[PDB]
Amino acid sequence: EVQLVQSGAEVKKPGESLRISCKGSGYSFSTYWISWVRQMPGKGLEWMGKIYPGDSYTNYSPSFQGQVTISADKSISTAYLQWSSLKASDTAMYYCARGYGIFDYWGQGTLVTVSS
C-alpha cells in the first residue's frame, strides 16, 4: 500500500524556526508531486504549494510565497515544509498530499501549536 507518514506534533514559541516532514512509501516518490495544505483550527483547507521531488522544483500559492519553504530529500522519499520564524497565527494542522489538483493520498496531519 501507498502511505504518506508525517512527523509528530510540534510545540513551539514565536520566533523559532521549524521543519516538518512527510515520508512517502510504496510508490515512486520522485515522480509524483507533493502538495502541502494548511488548516487553521476550525477553518478550511488552504493549498500552500507543491514540490516535484525528482528535481525539487517547487512553486507556491501567492499568499504563502516567501512565508515558507518546501523542500525534499528524494533519497529517503521525504518532503519538508519549513518556517524561518513562526508566528502564533501559524498554529494549525498541516497536511501533505500526493498530487497537484487531485490529491489521492493524504498524510495523517501534523499539529503545530505556537504559543508565547
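Sequential numbering from 1, following the sequence displayed.
J.: Taking only the CA atoms, which stretch has the higher mean B-factor in the record, 75-83 or 42-50?
T.: Looking at the recorded C-alpha B-factors, 75-83 comes out higher on average.
J.: Do the C-alpha atoms of 30-38 or of 58-66 have the higher average B factor in the entry?
T.: Result of the comparison: 58-66.
J.: Test of reading the entry: by CA B factor among the chain's modelled residues, which third contains residue 23?
T.: Highest third, going by the recorded CA B-factors of the chain.
J.: Which third of the chain does residue 101 land in by C-alpha B-factor: lowest, middle or highest?
T.: For residue 101, the deposited C-alpha B-factor lands in the highest third.
J.: Sorting by Cα B-factor within the chain, modelled residues only, which third would residue 114 end up in: lowest, middle or highest?
T.: Middle third, going by the recorded CA B-factors of the chain.
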